[PDB]
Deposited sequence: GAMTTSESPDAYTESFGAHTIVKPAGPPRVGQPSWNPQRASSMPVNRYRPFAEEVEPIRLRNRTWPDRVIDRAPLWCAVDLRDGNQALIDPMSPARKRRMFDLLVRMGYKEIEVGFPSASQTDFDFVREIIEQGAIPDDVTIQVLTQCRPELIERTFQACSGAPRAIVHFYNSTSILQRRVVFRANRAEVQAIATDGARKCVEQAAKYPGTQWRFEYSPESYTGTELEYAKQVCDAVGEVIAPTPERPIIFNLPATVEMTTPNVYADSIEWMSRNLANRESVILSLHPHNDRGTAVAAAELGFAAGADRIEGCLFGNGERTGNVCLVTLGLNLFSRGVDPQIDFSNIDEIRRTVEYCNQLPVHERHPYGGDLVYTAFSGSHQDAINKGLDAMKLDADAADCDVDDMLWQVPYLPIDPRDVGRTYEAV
């Protein structure tokens, strides 16, 4: 049942606020600062930087997406999703997890063997750090012109204790032993242009100086340069606190990571507090270079950050996302087809209801803007500055329509 909070008000709670204390077991949860650590960052700059360029995108729909699904992608559905990501303009695509999943392996073999990989596309494959998984991962990419090997291990306070029952050095040695193995294997398969990504998985549960240490040591092995750089990918595996703190944490890593101009700083935010998009946009302003997510926000649990929202959030403020969202219906249809999961009615940009006005006063206001833009134009209306109340973008700019209803 649902029962009205009737506990005392807080000390200092103003008289005009009649809310009462719930019976929820708040004692079981700690503020982020105590669960992990306080914010390290001094003199942040991200609040003063407006994004004026698109980042490097990496679409993880085929891995992080696929793995969160109720109904796994068939070989047909993965090809279909690969082709969409390719046609949209994406250049780095995590095509799966071939050491752990025989159908992923099957998938990678297939796109390489059939010459499905375009010349400007770099496939990305996920692996854990154990040696024979790294080997399997290299065998799966055999024949590939280029590939990102993404190796990872969990570094969080919580996971060092209850999963690995291990200390800092040992947890770092896993990553570094993982980098050695990667370097060994890449020399065993010349031809392929091998590139690396390292994630301290559960980063947002990891102490920053410790995240920096592990990354730097991974860096030492790999020996990236400004022409052949490494990716350090900082996931909010669980989105653990507000977006500003994630950004602060990104700004700290970007200032502080060793060999910074040989590093591609990548964001990988999940949406557990509903703020994955904000985490990304602020973390990009904080100095990241790259963002991993999924079309329409598919991905474990609450999902990966939404590639469509981020892309169009740039477009609608005058920045070219470098991805084609001209026909958002088509993107959505393929997405829903691949994942077997609807895009919500109220999803930003693609949801069924997002260019709908039911309010009489909003329909009238939309009519005033649309009628006004005609005047100024009589150049060509479809080319003028968009100026319509309640319609952030011209719906025809993403192939949709405004409906008064």
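Note down, first to last, the deposited-sequence stretches for which the model contains no C-alpha atom.
Counting from residue 1, the stretches without coordinates are 1-19, 398-400.
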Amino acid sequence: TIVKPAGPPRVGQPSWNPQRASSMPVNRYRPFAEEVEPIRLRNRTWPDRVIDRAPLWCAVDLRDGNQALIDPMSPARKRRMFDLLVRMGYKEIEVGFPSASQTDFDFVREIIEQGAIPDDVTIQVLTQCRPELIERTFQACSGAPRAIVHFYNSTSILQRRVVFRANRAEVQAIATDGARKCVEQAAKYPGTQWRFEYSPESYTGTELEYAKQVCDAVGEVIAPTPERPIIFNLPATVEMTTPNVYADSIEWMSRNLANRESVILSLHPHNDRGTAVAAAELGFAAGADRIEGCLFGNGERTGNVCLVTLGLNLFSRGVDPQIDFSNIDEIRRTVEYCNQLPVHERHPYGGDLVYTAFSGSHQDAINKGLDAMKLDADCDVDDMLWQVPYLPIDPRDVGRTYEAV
From here on, numbers count along this sequence of modelled residues.
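Of the two stretches 78-86 and 238-246, which shows the higher Cα B-factor on average in the entry?
So the stretch with the higher mean C-alpha B-factor is 78-86.
274-282 versus 250-258 - greater average Cα B-factor per the deposited record
Higher mean C-alpha B-factor: 250-258.
Among the choices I51, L375, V60, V36, identify the one whose CA B-factor in the record is greatest.
Highest C-alpha B-factor among the listed options: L375.
Tell me, please, which of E110, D120, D177, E209 has the highest C-alpha B factor according to the deposited entry?
Most elevated C-alpha B-factor of the set, per the entry: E110.
Assigned third (lowest, middle, highest) for the C-alpha B factor of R332
For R332, the deposited C-alpha B-factor lands in the middle third.
When the deposited Cα B-factors of this chain's modelled residues are ordered and cut into thirds, is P31 in the lowest, the middle or the highest one?
For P31, the deposited C-alpha B-factor lands in the lowest third.
In terms of the chain's CA B-factor thirds, is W194 lowest, middle or highest?
Answer is highest: the recorded C-alpha B-factor places it there.
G369's Cα B-factor: lowest, middle or highest third of the chain?
As the PDB entry reports it, the C-alpha B-factor of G369 lands in the highest third of its chain.
Against its chain's modelled residues, does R136's Cα B factor rank lowest, middle or highest third?
It belongs to the highest third of the chain when residues are ordered by C-alpha B-factor.
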